[PDB]
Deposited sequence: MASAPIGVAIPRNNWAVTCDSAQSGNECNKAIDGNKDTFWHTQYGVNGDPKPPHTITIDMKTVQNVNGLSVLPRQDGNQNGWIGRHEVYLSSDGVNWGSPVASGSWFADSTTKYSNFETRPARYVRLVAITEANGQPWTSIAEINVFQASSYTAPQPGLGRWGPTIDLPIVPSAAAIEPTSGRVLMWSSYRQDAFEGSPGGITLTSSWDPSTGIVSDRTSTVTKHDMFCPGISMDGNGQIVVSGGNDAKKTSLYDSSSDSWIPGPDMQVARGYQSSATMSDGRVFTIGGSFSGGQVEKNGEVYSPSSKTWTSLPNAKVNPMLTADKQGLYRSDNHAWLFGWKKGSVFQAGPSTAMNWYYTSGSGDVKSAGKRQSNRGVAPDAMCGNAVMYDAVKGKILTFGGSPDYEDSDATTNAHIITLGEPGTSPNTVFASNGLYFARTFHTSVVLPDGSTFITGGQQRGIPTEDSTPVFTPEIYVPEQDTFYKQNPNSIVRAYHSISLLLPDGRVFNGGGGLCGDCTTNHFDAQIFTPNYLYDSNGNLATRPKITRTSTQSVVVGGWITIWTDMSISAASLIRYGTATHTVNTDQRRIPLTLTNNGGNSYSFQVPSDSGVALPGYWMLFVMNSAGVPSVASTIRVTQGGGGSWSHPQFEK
């Protein structure tokens, strides 16, 4: 199931208007409180007018609207289920502006929802752009509109939430398709559940930021239910999705052909492991006792030989947390970062940090404990870790809880500074820690090197939406300060994701995936950071990268760019992938620019591919006002 975020508005005084209605299936049968009566657009002898079809509700007075729900016809007939759709709000009834929500609902008779940030309105319009199975009609048995207890304008300067993207699945795993800019998402063998999977199937969905279109398809070609996997973008530009519900399978997503290709089986069955791309483009993984059984030492994927090779001396024991549930949880979601000379740094969640090595049959060396002058940091299962300055080896870690479940989260946060593999990194506390203790939260590094932190809950109860944290935070390293941003209204805890979009906004979605529970979130929202807004709250003018000398570069190589205005800073941000709070693909390189004069600039990609990990990267430039360009895609090879 799912649920609205608000409380249903009384429909006594309501008036409705529809583009077309068949006798006996009048527009007002969608608001009569009877599940057995439905509005249905014109059909039969005199015509079957095709969508878009529209229903507009005049609520008579201004209400603090934060959602709507649609109950499909309940007579066992599929005709008229709404597929692609848009939701619009108005106070006058003539000017509708931009949709507050848009996307595509799954093709079945369950109640569908559009949940979105509170906005005062008297009129609510639902546009059914397509019927879920491509037929001409629209039908609705019951439509409801929901309200928040109050409305508060967003605070100036603290970013903005919206719109909502309605989806046909809960996006519990997601990646950016770097060659197209689309967001790729997947759930499990079904749209709302992973429990009782027979394996061999994953439902996926994609959203195109440039057009707003949502699609969906069924991945079976790789015979892999990809729920609870490792995810890494390898050096050949393919996303390696390892294990999960089909605990030994590997599937490869190719952005260029937008297709899934079978990969080699892993040597060890795993689920909830982290995997990390290495300096040579290979993928290292370790742990993962959610599925498959024993100690899960490391193994390495080679895209050139198409093999997984066991690294049994890359021992998982030093990175286990003290989870009260034991092995099932204690090797999960390692905070892995590819680093110099084939090494992988493990920053947590265990107190003990470790260096993993991939030469020979593998190795592990203690890197000391995550700690500060406030003490030794406790285990932080489902805390996050973000490499916001790869050149200086800077990792920000934050949140999480000592146990996977039934454990209080903390405000702990640290800055880890990596040097050479095998040396114990310096670790300090980050400012005074988070504003809000949270676990199951997600995070992304932004073009300006700040880290955006959102969602989670204060006490980890997977699939329950209790103690939610609605206020995101941004860490600004130059000030060693956290800043609360404007809050959202949708809980984003267990099974949620966040990704940085090429346009510099943040895509935050999912949560739930528990079948009959009411806590499934079939949606995502956009967060627009303050750096995209001017002083009056309007979208700022953005610098444009008018030309680049090349789109593919070897580490140590030079790139020259031309812009339409002078730029004060630039960064490269590696494209991200996300599930279960893990994103081992994103990282940021601040660029040292040579000013060529005439709004022409040059920079060198770092020569160490343990810093500039091979794969796809976003080039962002920022003007003097701090506004970033949209990203230019750069392929980095080694």
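- Stretches of the deposited sequence lacking C-alpha coordinates, numbered from 1: 1, 295, 641-653.
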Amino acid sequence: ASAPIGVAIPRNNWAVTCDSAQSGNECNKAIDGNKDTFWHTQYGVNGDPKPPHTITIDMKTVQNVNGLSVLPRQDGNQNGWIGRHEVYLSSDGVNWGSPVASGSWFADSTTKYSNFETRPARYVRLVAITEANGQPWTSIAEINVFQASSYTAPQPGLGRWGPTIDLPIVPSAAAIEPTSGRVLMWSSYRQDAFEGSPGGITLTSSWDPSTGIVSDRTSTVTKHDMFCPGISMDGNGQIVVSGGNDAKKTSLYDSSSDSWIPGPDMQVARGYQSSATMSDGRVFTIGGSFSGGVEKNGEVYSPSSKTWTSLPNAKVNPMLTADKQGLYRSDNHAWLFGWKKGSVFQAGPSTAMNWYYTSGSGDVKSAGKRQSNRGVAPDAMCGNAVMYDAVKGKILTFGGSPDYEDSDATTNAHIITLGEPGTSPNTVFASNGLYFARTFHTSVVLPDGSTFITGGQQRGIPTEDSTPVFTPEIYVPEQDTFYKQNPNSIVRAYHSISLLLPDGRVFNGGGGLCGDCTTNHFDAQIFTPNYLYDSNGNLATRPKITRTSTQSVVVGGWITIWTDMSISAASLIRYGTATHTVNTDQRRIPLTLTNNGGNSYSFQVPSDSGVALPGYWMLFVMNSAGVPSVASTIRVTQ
From here on, numbers count along this sequence of modelled residues.
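- Mean CA B-factor, 162-170 versus 304-312: the higher value falls on 304-312.
- Per the PDB record, of the two stretches 278-286 and 558-566, 558-566 carries the greater mean B-factor over its C-alpha atoms.
- Per the deposited record, 535 carries the highest C-alpha B-factor of all listed residues (242, 535, 411, 520).
- When the C-alpha B-factors of 227, 388, 105, 96 are ranked from the entry, the top spot goes to 96.
- Ranked against the other modelled residues of its chain, the C-alpha B-factor of residue 491 as given in the entry falls in the lowest third.
- Per the deposited record, the Cα B-factor of residue 608 falls in the middle third when ranked against the other modelled residues of its chain.
- Among the modelled residues of its chain, residue 426 has a C-alpha B-factor that falls in the middle third according to the deposited record.
- Residue 638: CA B factor lies in the highest third for its chain, per the PDB record.
- Annotation for residue 530: CA B-factor lies in the middle third of the chain's modelled residues.
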